[PDB]
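# Structural description and commentary
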Amino acid sequence: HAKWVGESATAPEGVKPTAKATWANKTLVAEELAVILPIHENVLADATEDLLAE
Amino acid sequence: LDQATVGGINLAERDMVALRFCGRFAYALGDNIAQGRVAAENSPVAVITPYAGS
């Protein structure tokens, strides 16, 4: 931010302030989610529906 | 001047400026002028001093 200023050559109210801008960091971190669906080959053959499609 | 520090005043920090004036000068007096075979002591200057009495 800015400030209001005097004009004095010697008093502390005649001096312009110093100041900082600052940056920070957010992150994407890739994480994994998964499942395994085991089925028996005979059950998959005897069913009336394609259980691998399901 | 618009950024210097002069007499402890930081010019830029205080929205001040200064004018630095200078000149370089010399003086010489040609005062033992030649007067013959023998070197002489003189001056081209004489002085009048006020009446000291009371």
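Counting of residues restarts from 1 for each chain and follows the sequence as written, so the numbers need not equal those of the entry; residues with no coordinates are not shown. Chain letters start at A and ligand numbers start at 1, both assigned in the order the entries are written. Note: displayed chains form a subset of a larger assembly, with all reported quantities computed for the displayed subset only. To get the side-chain values, all heavy atoms of the structure are used, and hydrogens and water are removed first.

The record lists cryo-EM as the method behind this PDB entry and 2.6 Å as its resolution.

## Regarding the overall build of chain B
Test applied: Under the DSSP-based scheme used, a helix requires at least four consecutive residues in state H or I and a strand at least two consecutive residues in state E, with every element numbered from the N terminus. Note on method: radius of gyration uses C-alpha positions; expected globular size equals 2.2 Å times residues raised to 0.38. Burial classes follow relative accessibility: with a 1.4 Å probe on protein chains only, a residue under 20% of its type's maximum area counts as buried, one over 50% as exposed, and anything between as partly exposed. The accessible surface values rely on the Shrake-Rupley method and a 1.4 Å probe; as for residues, cover is taken only from the protein chains in view. Here the positive residues are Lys and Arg and the negative ones are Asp and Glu; neither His nor the chain ends is included. For charged residues, the charge sits on one atom: NZ in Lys, CZ in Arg, CG in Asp, CD in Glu.
When helices and strands are tallied, chain B shows 0 helices and 2 strands. A compact globule built from 54 residues would reach a C-alpha radius of gyration of about 10 Å, whereas chain B, at 25 Å, exceeds it by more than 25%. On the principal axes, the C-alpha backbone points of chain B span a range of 65 × 45 × 15 Å. Each of the 54 residues in chain B was classed as buried or not, and the buried ones make up 4%. Carbon and sulfur atoms provide 55% of the accessible area of chain B, an area that totals close to 5500 Å². Distance between charge centroids for chain B: 9 Å, based on 4 positive and 5 negative side chains.

## What about unusual backbone geometry?
Backbone geometry places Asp15(B), a non-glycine residue, at a positive phi of 50°. By secondary structure assignment, the location of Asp15(B) is in the segment after β2 (9-10).

## Remarks on the interface of chain A and chain B
Condition: By definition in these notes, contact holds between two residues if any of their heavy atoms fall within 4.5 Å. A simple way to read buried area is as the amount of 1.4 Å-probe accessible surface that goes missing from two parts once joined, with both sides added. Note on definitions: salt bridges are taken to be side-chain nitrogens of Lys or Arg within 4 Å of carboxyl oxygens of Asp or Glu. Side-chain atoms alone can form a polar contact between residues adjacent in sequence; in general such a contact is a pair of N or O atoms within 3.5 Å, and within protein one must be able to donate a hydrogen while the other accepts it. Each residue receives one of three labels: charged for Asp, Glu, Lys and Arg, nonpolar for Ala, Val, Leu, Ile, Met, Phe, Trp, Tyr, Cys and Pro, and polar for the others, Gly being one of them.
Between chain A and chain B, the residue contacts involve 7 residues of the former and 6 residues of the latter. Between chain A and chain B, the buried area comes to about 550 Å², and carbon and sulfur atoms account for 45% of it. Considering only the side of chain A, the residues that lose the most area to chain B are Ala9(A), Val15(A) and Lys16(A), jointly responsible for 74% of the buried surface there. Put simply, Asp15(B) and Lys16(A) hold a salt bridge, and the shortest N to O gap is 2.8 Å. The tally of links from chain A across to chain B stands at 5 residue pairs in polar contact. For the side of chain A that touches chain B, a count of residues per class yields 3 nonpolar, 3 polar and 1 charged.

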